[PDB]
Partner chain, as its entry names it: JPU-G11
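Given next, in structure tokens, is a single chain: the form deposited without the partner chain.
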């Protein structure tokens, strides 16, 4: 299993994989109880009022001031039972993802994607960037710095606004300069979204109530794909967007969708990024990897005593799949770069995960959400690592009957309809 411990939220802290921690939000905060479910990966069963100090209010603004696709509930994830269920739900989803060859590949890439040690101001020394760490309270009450790659945390005010968040740098654009940074994914396994089986209905903002439910493992995988891009510092600048001209409803509102999202979904959506611009990005990141190779060559000493210089050099030699010559100099091989870049951007896509999970899912990112449902994937009678909602040897096994909210209505509670609100 990906997670070797079936944690309970109430398990006593041990200062190792169950501990109170603080994140580098450049601000103050009370320690929060977190769980390390795998090497380099932690889960914080709390609403995210930490990564952004300006987003500490969970209370919903006045009803006359709320947008379209959003859902508020300041009480969600405030009790121990909810946190226990959150932890178990997120864990089950990691196992579902890991059970597929593609998920195993993606998770392996994420674990190997340690954020680059580029915090030193002296190019002859390698130093870790402290915002890619968390401070863990040890048994003696002292804090120890631990590097990590991924943190799954509860959503902020808008419960359904799932997304990757990471701490930036004063000058370096960590998610776009090949370096990478610790990723905090705002996510919840307790809600899911409804979509429509007919393409003409799903991509229309005036039709459909959301008959089918998105499998939450796909939603998490989508975020993990973004995390992968960001951990390897190859995320596409959000200012690079596709001025949608394939959907009259998007067009009439001048809606734009970032290339990063189209790339992440994959399938035909990825084709909206023309060859010229795609080549531009590839060359850009190829160069970024070259800088990392050179920075490693200029490194003559390492800061800290946790790991040795040769160890960290090998860590990044493996992450970026660099080549080493006779003198021990590092360099980027075009074939290996192209292979890794392609793996992270074309192999790991939402569309491909749908093929592995054998579930029904939106056919394109360019659609309109229909509704949000409350769910509970923790009980095996509701959802399993192997079949998600479509339980084998039951009436829900075929035709995605488990995702059919009308047939499997006992597993879904519609909280809000979005159709017509655009």
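Residue numbers count along the first chain shown, from 1. If you superpose the two forms and keep the largest set of C-alpha atoms that fall within 1.5 Å, you have the rigid core.
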Report, as yes or no, whether residue 94 is left without coordinates in at least one third of the other compared entries. no
Absent coordinates for residue 361 in a third or more of other compared entries: no
Taking the recorded C-alpha temperature factors, which stretch has the higher mean, 152-160 or 319-327? 319-327
For the higher mean C-alpha B factor in the entry, choose 239-247 or 265-273. 239-247
Among 65, 47, 355, 33 - the residue whose C-alpha B-factor is largest in the record: 65
Taking the Cα B-factors listed in the entry, which of 304, 233, 103, 216 comes out highest? 304
Residue 338: which third of its chain by C-alpha temperature factor? middle
Here the Cα B-factor of residue 178, set against its chain, lands in the third termed middle
Chain-relative CA temperature factor third for residue 388: lowest
Chain-wide C-alpha B factor ranking for residue 118, given as lowest, middle or highest third: highest
Ordered by C-alpha B-factor within the chain, which third holds residue 70? Give me lowest, middle or highest, please. highest
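One more form of this protein should be noted, the form solved in complex with the partner chain, which is absent from this view; the next part is about it.
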Would residue 101 show up as a contact with the partner chain in the bound PDB entry if we use heavy atoms at 4.5 Å? yes
Residue-level question: is residue 108 within 4.5 Å of the partner chain in the bound PDB entry, judged on heavy atoms? yes
Though only this chain appears here, would residue 373 touch the partner chain in the bound PDB entry if you measure heavy atom gaps against 4.5 Å? no
Is residue 122 a contact residue for the partner chain in the bound PDB entry, using a 4.5 Å heavy atom cut-off? no
State the residue from 340, 77, 293, 299 whose non-hydrogen atoms include one within 4.5 Å of the partner chain in the bound PDB entry. 340
Out of 163, 123, 346, 324, I need the residue that shifts by 2 angstroms or more at the Cα between the shown form and the other one, core superposed. 324
Is there a C-alpha shift of 2 Å or more at residue 54 between the shown form and the other one once the rigid core is superposed? no
